[PDB]
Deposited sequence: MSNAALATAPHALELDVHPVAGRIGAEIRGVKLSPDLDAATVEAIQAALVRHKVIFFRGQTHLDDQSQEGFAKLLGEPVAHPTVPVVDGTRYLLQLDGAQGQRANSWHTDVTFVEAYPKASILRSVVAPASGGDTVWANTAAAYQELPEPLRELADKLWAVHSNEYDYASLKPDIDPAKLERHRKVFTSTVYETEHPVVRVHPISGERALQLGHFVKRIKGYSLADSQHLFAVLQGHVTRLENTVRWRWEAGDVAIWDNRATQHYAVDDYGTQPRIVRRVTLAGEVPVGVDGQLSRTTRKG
């Protein structure tokens, strides 16, 4: 199927039109969705007002096995992160529905961590390839794992930075050097060029490849009500450039 896919930004994000999301889509719509997702890192479906907790949950299961910690968020995820990277097999994907949408503010921003890696000069990609980092849940908006800083993506084979606010430190370097190296690689992920911002409407859905993005939820809506609900899908164990695996410690 060629679905109706309109890219949102130069280097990540696509709206998909003419698809009402259900627990009843057929393998072709589902696979096309899954390739749009790998290609564009985050995908959006508007006017999905027919959807409700249970359709979301049953629509989710069509794309892998759901995992706990359906989550409700209402306090606010404004730091750049990849969902649950303090566990070994952190989600492969998240599906997020807008239940209550603020009139101004309330946006969400995604960063493509594959392209982030691609744009690093070669010597700085070689070094990213050899680094590992400690993820902890000292930080949660809603455990200590070691992940390689470069995740070879189990399906595209695309390499992506595996970083974000869950990172406690880079293994094997002083405080000062871990901050400097994390600032470099991290500031490549959040470079504006590598991101896409979604202004939400009630009933909008977004689905992202957590193996290959970070995201941040803008806290600018003061006390306007904002409720979003999230389903995540279990993910594989991260494999680094040299084949080594993540290990929870």
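- Residues of the deposited sequence missing from the coordinate set occupy positions 1-12, 82-92, 98-101, 170-191, 299-301.
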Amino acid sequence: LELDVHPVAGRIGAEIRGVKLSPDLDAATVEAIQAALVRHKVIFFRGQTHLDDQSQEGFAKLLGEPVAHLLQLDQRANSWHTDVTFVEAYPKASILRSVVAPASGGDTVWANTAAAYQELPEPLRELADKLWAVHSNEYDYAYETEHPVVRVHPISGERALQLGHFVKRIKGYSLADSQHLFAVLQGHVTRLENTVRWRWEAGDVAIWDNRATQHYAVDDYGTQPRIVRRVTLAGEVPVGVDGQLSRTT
From here on, numbers count along this sequence of modelled residues.
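- Gaps at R46 occur in none of the other compared entries of the protein that contain both adjacent residues, all of which model it rather than a third dropping it.
- Modelled in this chain, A68 is nonetheless absent from a third or more of the other compared entries whose models extend past it on both sides.
- When the two stretches 51-59 and 190-198 are set side by side, the higher mean Cα temperature factor goes to 51-59.
- Across the two stretches, 30-38 and 211-219, the PDB entry reports the greater mean Cα temperature factor for 30-38.
- Across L127, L120, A103, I155, the greatest Cα temperature factor reported in the deposited entry is at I155.
- Of the candidates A160, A111, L73, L96, the PDB record gives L73 the highest C-alpha temperature factor.
- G235: CA B factor lies in the highest third for its chain, per the PDB record.
- When all modelled residues of the chain are sorted by CA temperature factor, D107 is found within the lowest third.
- In the deposited entry, the Cα temperature factor of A176 sits in the middle third of values across the chain's modelled residues.
- Remark: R226 belongs to the middle third of its chain, ranked by C-alpha B-factor as recorded.
- In the PDB entry, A77 places in the middle third of its chain by CA B-factor.
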